[PDB]
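S.K.:
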C-alpha cells in the first residue's frame, strides 16, 4: 500500500507496493485548496532537482495525512 492523495476511499491505497509513496503535481497551493493539487504514484523515485513541480516522496507504507482535502482527519 502507499499514501495516495485522494479521499476516494482511504489515504493508503495501491497495494503490491512495498516500496515508497510518490505523489506530485505543480500547484503550490493557491489554485485548488479544495481538491488535491497533487497526483498519485506508487513508488517511482522522487528526484529533487530536475522537476520544478512539487513532489513528495516517503519510503514506508502510508506516510502521513498531510495531503488532505477538507480537514486533517
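Numbering (PDB author numbering), first residue to last: 1 to 73. From the three backbone atoms N, C-alpha and C, an ideal C-beta is built for every residue, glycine too.
#1: Note down, in chain order, each residue of its chain lying with its Cβ closer than 7 Å to the Cβ of residue 53, except the 5 sequence neighbours on either side.
#2: Among the residues of its own chain, which have a CB less than 6 Å from the CB of residue 40, if the five just before and after it don't count?
#3: Can you tell me whether residue 7 is buried or exposed, with buried defined as 16 or more other CB within 10 angstroms of its CB?
#4: If I'm right that residue 61 touches residue 1 with Cβ under 8 Å, what's the distance once you round it to whole angstroms?
#5: Based on the DSSP output, what are the partners of residue 23 in its beta bridges?
#6: Going by C-alpha to C-alpha distance, which of 17, 36, 9, 16 sits closest to residue 70?
M.R.: Straight from the coordinates:
#1: By 1-based counting over the chain shown, the position of residue 53 is 53. Beyond the five residues adjoining it in sequence on each side, residue 53 comes within less than 7 Å, by CB distance, of 24, 25, 26 in the same chain, given in chain order.
#2: Counted from its first residue, the chain shown places residue 40 at position 40. So the qualifying residues of the chain are 4, 5, 23.
#3: Walking along the chain shown from the start, residue 7 turns up at place 7. Exposed is the call here.
#4: Taking the first residue of the chain shown as position 1, residue 61 is located at position 61. Taking the first residue of the chain shown as position 1, residue 1 is located at position 1. So it is a contact: roughly 6 Å between Cβ atoms.
#5: Here residue 23 refers to the residue found at position 23 when the chain shown is read from its first residue. Answer is 56, bridged to residue 23.
#6: For this step, residue 70 is matched to residue 70 along the chain shown. Residue 70 has its Cα closest to that of 36, out of 17, 36, 9, 16.
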